[PDB]
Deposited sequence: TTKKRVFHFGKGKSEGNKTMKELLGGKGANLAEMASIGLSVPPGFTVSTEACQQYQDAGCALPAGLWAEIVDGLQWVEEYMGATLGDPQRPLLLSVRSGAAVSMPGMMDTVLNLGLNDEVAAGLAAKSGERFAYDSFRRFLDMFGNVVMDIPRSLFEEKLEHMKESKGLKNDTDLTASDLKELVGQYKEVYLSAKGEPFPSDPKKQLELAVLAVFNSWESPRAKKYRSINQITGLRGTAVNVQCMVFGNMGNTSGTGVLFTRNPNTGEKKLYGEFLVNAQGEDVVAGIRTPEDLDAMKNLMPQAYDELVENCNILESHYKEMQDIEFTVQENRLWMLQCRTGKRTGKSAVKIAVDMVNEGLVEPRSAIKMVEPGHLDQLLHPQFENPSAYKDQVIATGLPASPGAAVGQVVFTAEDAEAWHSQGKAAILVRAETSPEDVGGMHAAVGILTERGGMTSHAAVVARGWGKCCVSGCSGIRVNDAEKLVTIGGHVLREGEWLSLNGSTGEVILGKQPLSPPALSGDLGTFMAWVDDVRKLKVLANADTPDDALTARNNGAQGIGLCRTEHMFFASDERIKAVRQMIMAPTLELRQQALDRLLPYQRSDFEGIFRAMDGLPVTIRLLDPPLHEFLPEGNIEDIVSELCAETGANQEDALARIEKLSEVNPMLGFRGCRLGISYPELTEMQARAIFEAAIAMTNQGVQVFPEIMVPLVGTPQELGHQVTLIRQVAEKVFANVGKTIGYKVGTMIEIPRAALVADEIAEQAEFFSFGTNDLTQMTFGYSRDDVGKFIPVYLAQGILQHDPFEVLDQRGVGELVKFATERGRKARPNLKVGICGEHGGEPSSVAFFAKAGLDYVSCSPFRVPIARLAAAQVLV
């Protein structure tokens, strides 16, 4: 067989490697057959046959039809049926298929080899209504796809029939009605084509083949190929196969199933079977009717899992007590099911760890990191609305309408659902105290929740929040302060009442799976945390330390801390401006001690003040901003106003911030370094292992870094002397300025470690203000100008080149330079993959993204 390959249970001339000749689908059919799967017999016309076709004057090649006939004869003899015979009928299916995906190809044609005589022979065991309904559809399909007859001509008589009969929803058409349409359809063949419908099965087949070959050069198919610059190909193949039915009596039927439970992972066939074809009946009912069939099904499923090393979602049809395998694909499943299956298959000795790692997707794993309801279905009779999955996870708490109230609930150890028509940066404190957030995937609330791993249903516009009064209008029900409400941040649903939460998992399979993940990955995964509590949550999620502790975020923690910063900025005498810095030192030192204890034994990287001073000022009308500052700091109006204007900036993202501030106000960096080293020593004295790292933000030259490094080392010497003890530590820098990447060799002389700030790097490289990019990104994506939003998915070609240059040049200067990334791409699978192959030492992300990062760092290596 050089152009036509037949195939059947345990028989096939082709093999799984011939994707070129047999096309993707052909090669798979051959493989499925080659391993003993009960697949209806058939044959495949190679892509060469399609090439010789278009080349030999775009006409049917010599000898092909001969081989095709051999194939069919082989299939007929195999199935115990013949093409165009009422007694022993043989109906076929004709599908196309290239080596790769390709649109515009001839649509699948079912039940070929059918005619008035065969249709009657079919009504025999399957029924009359089914036979002629099928004959009608075939005439339509074969006519439109093979003969190029407008479907409209056919639909013109189908609806013109109801206009006389009495219905429009086809299903009422009786047997005779169908026979009448069959006649009317054939006349369409004479009216449109001039000639009659080919009643000879062989003629149909021939045409169908030619129809497929011609589909390779179709408009859609060529545009597609022309767009992706797809060349070499050679054409499409022709996959022919036998039709089968489960309506030839009670000794037949159809069913679908997952070789394993797609929700729990339990190793048990999970599906349903329909007898003679109503509503489905479970599997156990099949064997109790078709024993030899159910047994064949079982052996088929075992084969699938043994060979494909994966759970399968299939469609089978048992015809007259004989089972048939029609469709098989890797089965979708929940994360719970994904992890259990991966682990059982390893324990079963079916797959090894390195392969199991690829069986759990980031989406699967995410599901297991947040609490979930016990039965999202059991509460269908209670759902009262649906919004957007701003942040996955299940939550149950009492309704509240203010951050302050949420915080209050939290302080009493109680669960509250914060509900606000919309949120603001001032409610952030309450949003963290709430067990769930609900507002009337891109909303600013959603983003915040995700990092915390907090449930949040945003964009639920079908809601009205009554503030004056303490109630909210949602769906048809009204909820008032104190009433229970459930939120599903994964589905976006807003159930009513107190739905149950699945209890902690005891299987240990997640722990088992993750140990493989951690064994395989080379990248370390750190966490971005600014508080002792987040440090703990990061450690519990497997973080190997803290790659980024943002000191500015340690002040927006309380009104008191914020006022303290303002006092600093408004100081009149250095005698007081130092007193204000001294005040900030305790807050810092206290927070660092807490973070260090939580990270006992792990490296902790703390970044020097980065935001422009303007950020720590009240917001609102200028007059009011001035009033608040005077009351909070003791400054007069003139000075306050002058100071506010002086701190104002046109482009704050590139203004007076980062090391520029640290360099201009040395005392600031000296205060933070003192706070760090003193906290470190205090915790060491209590037996905590502390490995502090100090990082300088927004550096663009070696000089800026050197200046800050000198300051840090000086403070370290004094603190160590004053406390009579010394501990190791490291000084490093952020690489978020494109210039820094360019002169990374020079910068590496002073920095012991590099930490890419791809957020800022992406902003400066693209010249994109993330704060304002929302005004044109949608258009860029819609227009194909951008493939992905650079802020979510690392732009490997651009930003990526700078990361590579910087990494290479920095390590050439300091061979053991530690290199990481703390931008948000640090928790994004495709970005993490790029960082791994770029040779970075680690990635650092939010606490709850840590497991995802770990998974991604392993998957890229296997």
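Provide the list of deposited-sequence positions lacking C-alpha coordinates, grouped into contiguous ranges.
Several regions go unmodelled: 1 to 2, 280 to 288, 452 to 454.
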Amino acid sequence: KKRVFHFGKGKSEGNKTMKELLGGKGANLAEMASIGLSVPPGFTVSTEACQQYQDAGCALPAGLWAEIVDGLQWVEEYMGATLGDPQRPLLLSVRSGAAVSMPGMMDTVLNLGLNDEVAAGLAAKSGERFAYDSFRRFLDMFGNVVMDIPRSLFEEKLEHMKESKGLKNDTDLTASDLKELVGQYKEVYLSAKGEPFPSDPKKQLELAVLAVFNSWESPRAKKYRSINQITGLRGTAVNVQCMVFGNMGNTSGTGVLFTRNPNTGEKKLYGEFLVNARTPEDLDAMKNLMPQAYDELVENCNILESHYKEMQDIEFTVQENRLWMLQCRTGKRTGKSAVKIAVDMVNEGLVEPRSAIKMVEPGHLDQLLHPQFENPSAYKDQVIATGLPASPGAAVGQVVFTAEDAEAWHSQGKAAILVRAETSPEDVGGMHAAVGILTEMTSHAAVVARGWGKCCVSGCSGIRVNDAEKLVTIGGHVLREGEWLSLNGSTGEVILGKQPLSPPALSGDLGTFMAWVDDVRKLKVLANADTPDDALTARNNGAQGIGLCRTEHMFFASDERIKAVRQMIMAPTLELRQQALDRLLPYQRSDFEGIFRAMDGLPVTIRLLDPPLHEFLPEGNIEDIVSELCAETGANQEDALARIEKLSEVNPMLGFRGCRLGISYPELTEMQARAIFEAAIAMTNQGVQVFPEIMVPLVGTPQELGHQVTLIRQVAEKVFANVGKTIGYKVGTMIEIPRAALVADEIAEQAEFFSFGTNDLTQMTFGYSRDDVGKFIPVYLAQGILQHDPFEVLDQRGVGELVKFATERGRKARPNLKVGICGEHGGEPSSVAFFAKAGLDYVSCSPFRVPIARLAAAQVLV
From here on, numbers count along this sequence of modelled residues.
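Which of the two stretches, 341 to 349 or 299 to 307, shows the higher mean Cα temperature factor in the record?
Between 341 to 349 and 299 to 307, it is 299 to 307.
With respect to the recorded C-alpha B factors, which stretch has the higher mean value, 182 to 190 or 781 to 789?
Higher mean C-alpha B-factor in the PDB entry: 182 to 190.
Quick one: which of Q703, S648, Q327, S461 shows the highest Cα temperature factor in the PDB entry?
That would be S461.
Can you pull the Cα B-factors for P150, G732, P586, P666 from the entry and say which is highest?
The listed residue with the largest C-alpha B-factor is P150.
Which third of the chain does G820 land in by C-alpha B-factor: lowest, middle or highest?
Lowest third.
Would you check the entry's CA temperature factor for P851 and let me know if it's in the chain's lowest, middle or highest third?
Lowest third.
What third of its chain, lowest, middle or highest, does the C-alpha temperature factor of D624 fall into?
Ranked within chain, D624 CA B lands in the middle tercile.
Ranked by Cα temperature factor within the chain, is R480 in the lowest third, the middle third or the highest third?
For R480, the deposited C-alpha B-factor lands in the middle third.
Could you place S38 in the lowest, middle or highest third of its chain by Cα temperature factor, using the values in the record?
According to the entry, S38 has a C-alpha B-factor in the chain's middle third.
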